[PDB]
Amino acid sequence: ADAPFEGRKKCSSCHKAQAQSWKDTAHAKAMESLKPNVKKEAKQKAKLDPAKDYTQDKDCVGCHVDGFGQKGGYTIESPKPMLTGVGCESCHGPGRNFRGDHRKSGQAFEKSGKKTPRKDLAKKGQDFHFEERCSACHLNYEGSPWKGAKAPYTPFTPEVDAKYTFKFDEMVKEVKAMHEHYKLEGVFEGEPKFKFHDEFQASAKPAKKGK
């Protein structure tokens, strides 16, 4: 019983600093790349049509939106702006079930300092590991080292250009590709905890924008 996707809106309303930074990332602009005449040079190199409209192409949208083919996720028939672009749930997991726990646990902490185990969030679908999710978009090509690969494949592979080589441990540390990291008070605790969480929090910026 995995959880349904719902879109970025509620996440962004509670996490304004991360949302503001995420908006400037290539992930947030992913659907723009599928539009005609955008990234013409890159498309030519990959032997795609620079003038074609790929925004409703099922061979392309799944890696440029949230939750394609998944419950509550993006559909070409009724495409939600809040699921357009690679958004919050594409990395952190579909949020319909865990988002309410962020609200309740946040209120419990503000009122009484009570912390909540991350295990409770993982049970509700939140992802604290990320690698498989990033890989399903970035390493989904024929003969890829990632064994979950299956069509449709990304046209942007190491064969096309070495700049498309993907190494999770390196790229998850590119803030300009994730979003800047801001300091957490520590409402959630324990495992499963992302392997680089303490590192990211140790150099995180202070609560910038919102509250």
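From 1 onward, residues are counted along the sequence shown.
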Quiz item: Mean C-alpha B factor from the entry: is it higher for 151 to 159 or for 60 to 68?
Solution: 151 to 159
Practice problem: Between 21 to 29 and 199 to 207, point out the one with the higher average CA B-factor as the PDB entry records it. | Solution: 199 to 207
Practice problem: Tell me, please, which of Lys80, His102, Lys119, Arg133 has the highest C-alpha B factor according to the deposited entry? | Solution: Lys119
Self-check item: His181, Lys176, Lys167, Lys39, ranked by C-alpha B-factor: the highest one
Solution: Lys176
Exercise. Can you work out whether the C-alpha temperature factor of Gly73 puts it in the lowest, middle or highest third of the chain?
Key: middle
Self-check item: CA B-factor ranking of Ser144, expressed as a third of its chain
Solution: middle
Quiz prompt | Record-listed C-alpha B factor of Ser112: chain third | solution = highest
Quiz prompt | Chain third (lowest, middle, highest) by recorded CA B-factor, residue given as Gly85 | solution = lowest
Quiz item: Is the Cα B-factor recorded for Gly125 in the lowest, middle or highest third of its chain?
Solution: highest
